[PDB]
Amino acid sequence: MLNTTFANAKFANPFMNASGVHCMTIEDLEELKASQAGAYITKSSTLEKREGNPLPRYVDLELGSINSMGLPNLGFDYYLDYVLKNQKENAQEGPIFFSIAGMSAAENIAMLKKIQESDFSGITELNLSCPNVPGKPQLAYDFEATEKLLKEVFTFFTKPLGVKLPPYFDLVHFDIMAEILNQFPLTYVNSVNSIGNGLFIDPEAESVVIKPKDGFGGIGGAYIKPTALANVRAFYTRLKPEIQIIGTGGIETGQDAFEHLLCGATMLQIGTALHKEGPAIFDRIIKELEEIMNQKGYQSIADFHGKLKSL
């Protein structure tokens, strides 16, 4: 009953891994292909292979997680060859998602041009919100820079493209962003990336828990659900219907999934919870969501999608 239509493709269910979790190597990706996930996405890549930030750079917290990975990835070519090889073997229904996070506008355009030139027929996600690279601010918090990049990208990119956005906290920002985004033939927006630059402390040791950037890292998990839902909902009511939404943030039970769909998300990505539980999470959460739908007498996501009621 979780059949979903997104970017003109049909998926068995709306669940995916969030970029960066369980998708670094071909082995990780194969494990995702073998799981019950409806679709999957690669780790955000750069032109060059990156080792990332020094350890420890990820810590499981009682209410979520904190990380400052620093974009460790095997390089753009590694991921491109893998998705191209995978396209030939039609052993999967639905396109694969490819995430890119260039350190500069130039690097992003270069990767997008290569994707445009290749035979890749999947979906591309442009990450405009990595908050863990020292000296690099989040592009998506600079509205003018974001619009300029997108204008240039759409002068040549014709394949499906979505953007991974950082969370916004003021309604006017949603208004400004929606207006910038609505002028482009974007396939989707994915809200949200981790809440940037939080801090977690070990009181006994009187120190931070991660090595990079003096302990400042992205926050994910239960801590961010209220912000994640707000972002999905705020964009759902402002974006032209042609642009769909992927909801990411604080999803760990079928109920969390239900809340994102009610707000208007079409596909759902699981980060922190997947990192803690492994690919078996997809099996569990699908059962939990179906159970919720059964109790309410819903037979398809279209029955309640985007139908959040106001008081």
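A residue's number is simply how far along the shown sequence it sits, counting from 1.
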| query | finding |
| --- | --- |
| Mean C-alpha temperature factor, higher of 126-134 and 111-119 | 126-134 |
| Selected stretch [higher average CA B-factor]: 13-21 or 285-293 | 285-293 |
| Criterion, highest CA B-factor; candidates, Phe157, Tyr223, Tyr78, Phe98 | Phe157 |
| From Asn193, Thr227, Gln92, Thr187, residue of greatest CA B-factor | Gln92 |
| For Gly162, the third of its chain into which the C-alpha B factor falls | middle |
| Position of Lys151 among the chain's modelled residues by C-alpha B-factor, lowest, middle or highest third | highest |
| Chain-relative CA temperature factor third for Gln183 | highest |
| For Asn73, the third of its chain into which the C-alpha B factor falls | middle |
| Assigned third (lowest, middle, highest) for the C-alpha B factor of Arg50 | middle |
